[PDB]
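Report on the structure given below.
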Number of protein chains: 2
Amino acid sequence: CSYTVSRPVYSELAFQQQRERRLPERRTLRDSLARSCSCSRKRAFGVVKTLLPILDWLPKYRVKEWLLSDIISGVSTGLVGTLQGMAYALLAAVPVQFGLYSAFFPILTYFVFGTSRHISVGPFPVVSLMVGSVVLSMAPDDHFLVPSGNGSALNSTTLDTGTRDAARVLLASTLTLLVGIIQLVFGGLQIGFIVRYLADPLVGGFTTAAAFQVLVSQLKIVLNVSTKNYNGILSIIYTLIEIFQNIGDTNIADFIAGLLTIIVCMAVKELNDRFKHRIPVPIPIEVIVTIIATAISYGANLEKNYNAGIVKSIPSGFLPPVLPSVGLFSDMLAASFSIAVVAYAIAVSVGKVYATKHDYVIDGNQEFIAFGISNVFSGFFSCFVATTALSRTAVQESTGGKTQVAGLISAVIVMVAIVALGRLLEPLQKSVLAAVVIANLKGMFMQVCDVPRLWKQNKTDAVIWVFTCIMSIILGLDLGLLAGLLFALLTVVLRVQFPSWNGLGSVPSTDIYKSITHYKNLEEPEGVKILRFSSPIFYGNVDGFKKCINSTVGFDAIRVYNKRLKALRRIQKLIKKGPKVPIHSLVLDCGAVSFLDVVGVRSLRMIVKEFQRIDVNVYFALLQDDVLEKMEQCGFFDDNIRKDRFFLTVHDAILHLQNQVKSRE
Amino acid sequence: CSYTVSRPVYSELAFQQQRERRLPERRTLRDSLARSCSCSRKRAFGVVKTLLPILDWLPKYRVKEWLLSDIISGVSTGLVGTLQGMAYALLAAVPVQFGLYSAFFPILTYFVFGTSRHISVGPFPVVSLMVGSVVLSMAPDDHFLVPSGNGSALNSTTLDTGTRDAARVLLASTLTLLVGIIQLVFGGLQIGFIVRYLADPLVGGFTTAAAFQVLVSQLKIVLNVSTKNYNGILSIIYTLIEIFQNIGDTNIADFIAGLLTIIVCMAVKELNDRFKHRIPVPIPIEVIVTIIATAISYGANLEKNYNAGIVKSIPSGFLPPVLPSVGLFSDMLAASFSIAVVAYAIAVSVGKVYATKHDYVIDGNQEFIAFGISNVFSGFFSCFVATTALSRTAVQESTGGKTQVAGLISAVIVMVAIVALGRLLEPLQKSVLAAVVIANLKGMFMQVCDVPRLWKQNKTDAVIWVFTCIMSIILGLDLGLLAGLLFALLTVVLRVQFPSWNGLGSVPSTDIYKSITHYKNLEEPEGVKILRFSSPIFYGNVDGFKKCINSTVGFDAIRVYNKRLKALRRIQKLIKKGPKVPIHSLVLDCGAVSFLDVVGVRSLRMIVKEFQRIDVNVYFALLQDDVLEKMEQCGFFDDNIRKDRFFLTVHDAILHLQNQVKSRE
């Protein structure tokens, strides 16, 4: 209808007199810590239900059809997960059966502490790549070349296949234990705001660069070339150059097989993704391609006749738990922190996606605790860091997944594999397992197509994507994340250091104030100049505010007073012998401020004092209550700078100025 | 008088229809660079006048009366400068004769390019500490112990007094040029916002902890003990213990003489500063205490009889310019960046203090060019980084200083010293020069008295002060600055990640909205709940906004919709066999937002979408123009989320709801 008001001009004190405030809540530290710690059985039951969410979804089961859905999803996800684990085991520089280990214990551990229903905990290409990189950095190949074998001229320093795998597995287990400890520390301390800094473009660029490096590593594995595990600055460029220089030492059979299975898997995946209306259940192309590869590789002796590369080192059994080799935390702390934070970010992303898909709640700290306990339990059985693969997670979602029982059934497949299924997988070529990893990289490789879309959107967020992707390629992958978080924080600081100030004016016959750089037909008060300044004043944008004021008033408050003094000395000597014209007042519409940064309130008081010498009043329009209460403690309201200078709304200041001009000429 | 308005409820589109906007300015990249590069003589005359400000104050000089005030201040600061200049030379591990060079060449260069009038360019105790810090690390004492002197058992690896200074002086000369080049880079590229991050508490806590390290460094010379130049983590802590372990190797002749001049110089300094009404010109106690010290040290043979420490190595002459030893920039790149930024910080700090005293403007970017060429010209004559000592600067201002000519006369006093005055200073004890530095540390030691004052003020700024002081002590002095800059910028991110949200309500019979946690007698609309959120939404505080909205409404928009489906399944099965109570609408008073961070608008659109399922409208109150124009490019105004949802003022959103409920029950 109509918007009409009728009230006197309450600037700061005409509203503060008759209005009674609320007394602040008493701290009472003793009572605060006492009331925080509860003793009733209700809080205990609540924290027990929250810490172990397994007792929640179990009593309300729907076994009738849920059992069949869970068993089919379990067998499907078990096949997919054992394949992905035996594939990713190469990325961690560990034997292939440790991938089956890491596909068994984390699933069991994420059953009594998890809080999700559509998450398949297991390996991940990015995490496996980071683990392999830090293992190669902390345990290179040229550190175990034992001289033996009666060489031609010098000592026969051949490869140390064998005992070196034990050292690599011990290093990976120590890394996993440290990652789990870091996750449990982050969870128990209730600190969850530390992972909010990994923005969507940042994690997107990080996953893109990690997928590119995974493609490089898998191409190195498929081509069957011997590199020098270059790490550090430009590691990916160095290893790509080394691959391009070692093209002659390739294997035609392995390369042809890898290219063929890549083409087949990609074509079948695209066909299944496109024609979803006719086939709801995704065809397990991984399973059939692995079966046919094992069949072909076993019939014809590809190992002997074609000199192919097979595993032929599967022990096909369990092992007793081994205590982790404590003592290498100082040289892997940052790597473990990076691995933990990226794993938790990917886990939270997948959880939120598959939760908003099925409309259920997922707690962050509980997921952190669950993944921490999972990594800790994995460290005691020679496993690497566990996460949720988006490809494997989609399997249980498409085939039908209701509870974690489908995941528990998925562990039964890996269970029967570790003991029995895998002795027949002996003649399987390593290039076959190295191919499905590349085929699963389609999701992260298509993420590059959003950069043109982000450019039409906020450009600062698009630069962060490119900055993260490039920095996570030049200066390694683990250090690239730290270069991305700091760059994002710097971009946030820059957006508040250079605000968007305007020339706010008055709309005729109304009281709403709009910017002058956006609207044309606006009337500003005669002599009065209004200024709006977002991005609250801190120690960095103080000079920015000075420049903004000097630009919006046309002159400089310092130079005007300097010229006044230079003209005054001629006045004081002539009697012995014998700029600030248009501006009348300044209204600062500081309504978009949150903090004040007293280092900045000092400069604000300096500005107000300097404008007093040139007889130009500087008022305030829409300062908040929490801002004025903070400025009061900062020593700003002296005997000269009273509260009448501040106002409540922008139009009240203009009305007061007009009334003062009318009553005082 | 009265504040009354009468206008219809223009929410977003009722105001946008009849209001014509201004067309944005055409970029025209071709014409932009052409219009920027001017060719007229007025623009050419301006850039030359600003680059060389000497042609400004020289033609309008007042030689009649100004020369008298400069000739008395030049001989005054000249004697103070030649003593403080050689005293700070000990902090740079260079001979005492090179300290006189740093008081002659930088003054001459700050005459044709300087832009100030009350600044005495010269050495500085804090800057000289950072210079000598990298000299000890890149050229330690145990790197030149030549075995010679027919020792007792092993090779006589005695001290290398003599050619050892050439290794440190040449290293200091390379540091001076590299610092000067960095200052020219920031000046040439016109980038001056990088020094705005050095806040007052940051530079205050830095100089406080640096002065504490100067006390430890100068006490080493007073006690005449031999340390092991410990550098790195806990550098000051390690060298302090080594001093306490080497108390037995003291010198009572230097200790008594050193402690005596400490009390004398401090007493007269406090006496003259207090009794300013009777004596306007500060008594040069530093000058008289040195002349009387040389007389006593020359009369009685303190060197031979008392085994004191004298210089006795002053060549008293000039030297041809030597080319800098290029090739050590890689090991001094990170160090020079820290020294270059603190030299300019103290320059503007001391500069702006005396600028508002005489009311003259000082160009910030010109100081980078001024000190830039100063250090470059200083590097060609074996000098260290030049700055402005607050103690020496106060001398030329109190004794009477109008222009840089007073500094030019002060250079003549140092000029006659390099040739003649200084051969008589041979028997001067090094403890005397090492004690006058400690006496001037009173100004930086009394800076600790502001921490209780800052605690009553904004506490976050007080923590940065303590954080900078401690970090600049544990992990060195140069690395402590970087730890303070990152911590200060992080505090800005923390202040915007955890905003100050309130429960804004309506004041009766008015239209101004105040917070509910500050005022008592406020009436909120029936069913409507208003929420204000400062610190604009970015990728970090977006999760906090969800908890903020869930806290102000009492419920969770996600759990309520999940409980609806939990109850809907019973409804769809009973027909086959046979929370959100108070909240009516949500008004988000996002009037304190500056940026939008499209990464966050994806969740912002999700918020409006989530509350739509529970039949709870979420409106907007005071969104700015530059923010709504940004959300449009982010893909937010779809066929369902129109512009009618947004409003101009907070009361228009409330008035519209009252009219909508009255017209639609």
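Computed from the coordinates by the stated procedures, all read-outs in this text should not be read as laboratory data. Here the Cβ is made from the backbone with ideal geometry for all residues, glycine too, and neighbour counts use every protein chain on show.
Please indicate, with yes or no, whether at least one residue in segment A:583-598 is assigned to a loop (DSSP other than H, G, I, E, B), within 29 Å of B:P201 (Cβ to Cβ), out of contact with any strand residue (DSSP E or B) (no Cβ under 9 Å at 6 or more places or on another chain) and away from chain B (no Cβ under 12 Å). No, there is no match, as no residue in segment A:583-598 is assigned to a loop (DSSP other than H, G, I, E, B), within 29 Å of B:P201 (Cβ to Cβ), out of contact with any strand residue (DSSP E or B) (no Cβ under 9 Å at 6 or more places or on another chain) and away from chain B (no Cβ under 12 Å).
B:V353 - would you say it is within 14 Å of chain A (Cβ to nearest Cβ), more than 14 Å from B:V121 (Cβ to Cβ) and of a type outside the set (S, T, Y)? So B:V353 passes the test. Looking across segment A:531-555, the residues that are surrounded by fewer than 19 Cβ atoms within 10 Å (Cβ to Cβ) and either assigned to a loop (DSSP other than H, G, I, E, B) or in contact with a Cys (Cβ under 9 Å, 6 or more places away or on another chain) (or both) come down to A:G554, A:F555.
Among the residues making up segment A:7-58, those that are out of contact with any strand residue (DSSP E or B) (no Cβ under 8 Å at 6 or more places or on another chain), aliphatic (A, V, I, L, M) and more than 30 Å from A:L408 (Cβ to Cβ) are A:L13, A:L23, A:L29, A:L33, A:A34. The set of residues in segment A:636-664 that are under 47 Å from the mean Cα position of the chain (by Cα) and within 11 Å of chain B (Cβ to nearest Cβ) comprises A:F636, A:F647, A:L648, A:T649, A:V650, A:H651, A:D652, A:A653, A:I654. Candidates are the residues of segment A:491-530 that are at the interface with another protein chain (Cβ under 7 Å from one of its Cβ atoms) and not in a loop (DSSP other than H, G, I, E, B); the one that is nearest to A:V616 (Cα to Cα) is A:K514.
Being assigned to a helix (DSSP H, G or I) and surrounded by fewer than 22 Cβ atoms within 10 Å (Cβ to Cβ) is the filter here; which residues of segment A:133-155 pass it? Listed by number, the residues that qualify are A:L136, A:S137, A:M138, A:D141, A:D142, A:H143. Please specify each residue of segment A:373-390 satisfying the condition of being surrounded by fewer than 24 Cβ atoms within 10 Å (Cβ to Cβ) and in contact with a helix residue (DSSP H, G or I) (Cβ under 7 Å, 6 or more places away or on another chain). Answer for segment A:373-390, where residues must be surrounded by fewer than 24 Cβ atoms within 10 Å (Cβ to Cβ) and in contact with a helix residue (DSSP H, G or I) (Cβ under 7 Å, 6 or more places away or on another chain): A:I373, A:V376, A:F377, A:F381, A:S382, A:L390. Looking at segment B:478-504 only, could you name the residues that are surrounded by fewer than 18 Cβ atoms within 10 Å (Cβ to Cβ) and not hydrophobic (A, V, I, L, M, F, W, C)? Answer for segment B:478-504, where residues must be surrounded by fewer than 18 Cβ atoms within 10 Å (Cβ to Cβ) and not hydrophobic (A, V, I, L, M, F, W, C): just B:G503. A:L628 falls short on exactly one of the conditions (1) buried (at least 19 other Cβ atoms within 10 Å of the Cβ); (2) in contact with a strand residue (DSSP E or B) (Cβ under 8 Å, 6 or more places away or on another chain), and that condition is (1).
Here segment A:5-24 is the region considered, the condition is being out of contact with any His (no Cβ under 6 Å at 6 or more places or on another chain) and under 15 Å from A:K643 (Cα atoms), and the residue that is surrounded by the fewest Cβ atoms within 10 Å (Cβ to Cβ) is A:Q17. Entry remark, segment B:533-548: residues being out of contact with any helix residue (DSSP H, G or I) (no Cβ under 8 Å at 6 or more places or on another chain) and either facing chain A (nearest Cβ under 8 Å) or aliphatic (A, V, I, L, M) (or both) number 1 in total. Of the residues in segment B:454-471, not one is under 30 Å from B:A308 (Cβ atoms) and either surrounded by fewer than 20 Cβ atoms within 10 Å (Cβ to Cβ) or basic (K, R) (or both).
A:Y197 fulfils the conditions (1) within 12 Å of another protein chain (Cβ to nearest Cβ); (2) under 13 Å from A:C469 (Cα atoms); (3) not aliphatic (A, V, I, L, M) except for a single criterion, (2).
On the basis of being more than 30 Å from A:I236 (Cβ to Cβ), among the hydroxyl-bearing types (S, T, Y) and not in a helix (DSSP H, G or I), does A:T50 make the cut? No; evaluated as a whole, the condition is false for this residue. Against the test of being surrounded by fewer than 11 Cβ atoms within 10 Å (Cβ to Cβ) and within 14 Å of chain A (Cβ to nearest Cβ), the options B:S2, B:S36 yield a single qualifying residue, B:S2.
Every test in (1) assigned to a helix (DSSP H, G or I); (2) more than 35 Å from the chain's Cα centre (by Cα) is passed by A:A345 save one, and that test is (2). Is it the case that B:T157 is touching a strand residue (DSSP E or B) at 6+ places or on another chain (Cβ under 6 Å) and of a type in the set (S, T, N, Q)? Spelling it out, B:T157 is indeed touching a strand residue (DSSP E or B) at 6+ places or on another chain (Cβ under 6 Å) and of a type in the set (S, T, N, Q). Whenever a residue of segment A:481-504 is closer than 16 Å to B:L596 by Cβ, its partners that are assigned to a helix (DSSP H, G or I) and of a type in the set (V, I, T), lying with C-beta atoms within less than 7 angstrom and at least six residues away or across chains, give the pairs A:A488/A:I464; A:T491/A:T460; A:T491/A:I464; A:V492/B:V493; A:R495/A:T460; A:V496/B:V492; A:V496/B:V496. Just one of the listed residues (B:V376, B:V395, B:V412, B:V385) is assigned to a loop (DSSP other than H, G, I, E, B) and closer than 28 Å to B:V179 by Cα, and it is B:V385. Which residues, taken from segment B:565-580, are small (G, A, S) and in a helix (DSSP H, G or I)? Result: B:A567, single match. The residue that is farthest from the other protein chains (Cβ to nearest Cβ), counting only those in segment A:611-625 that are surrounded by fewer than 18 Cβ atoms within 10 Å (Cβ to Cβ) and either small (G, A, S) or not in a loop (DSSP other than H, G, I, E, B) (or both), is A:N617. Apart from one condition, A:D359 fits all of (1) within 14 Å of chain B (Cβ to nearest Cβ); (2) within 24 Å of A:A210 (Cβ to Cβ); the exception is (2). Just checking, does segment A:559-582 include any residue being of a type outside the set (S, T, Y), under 21 Å from B:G364 (Cβ atoms) and facing chain B (nearest Cβ under 8 Å)? Scanning segment A:559-582, I find at least one residue that is of a type outside the set (S, T, Y), under 21 Å from B:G364 (Cβ atoms) and facing chain B (nearest Cβ under 8 Å), so the answer is yes. Tell me whether segment A:15-29 contains one or more residues that are assigned to a helix (DSSP H, G or I) and either more than 14 Å from chain B (Cβ to nearest Cβ) or closer than 30 Å to B:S2 by Cβ (or both). Yes. When each of B:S325, B:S336 is tested for being away from chain A (no Cβ under 14 Å) and under 19 Å from the mean Cα position of the chain (by Cα), the lone residue that passes is B:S336.
The number of residues in segment B:626-665 being outside any loop (DSSP other than H, G, I, E, B) and touching a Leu at 6+ places or on another chain (Cβ under 7 Å) comes to 7.
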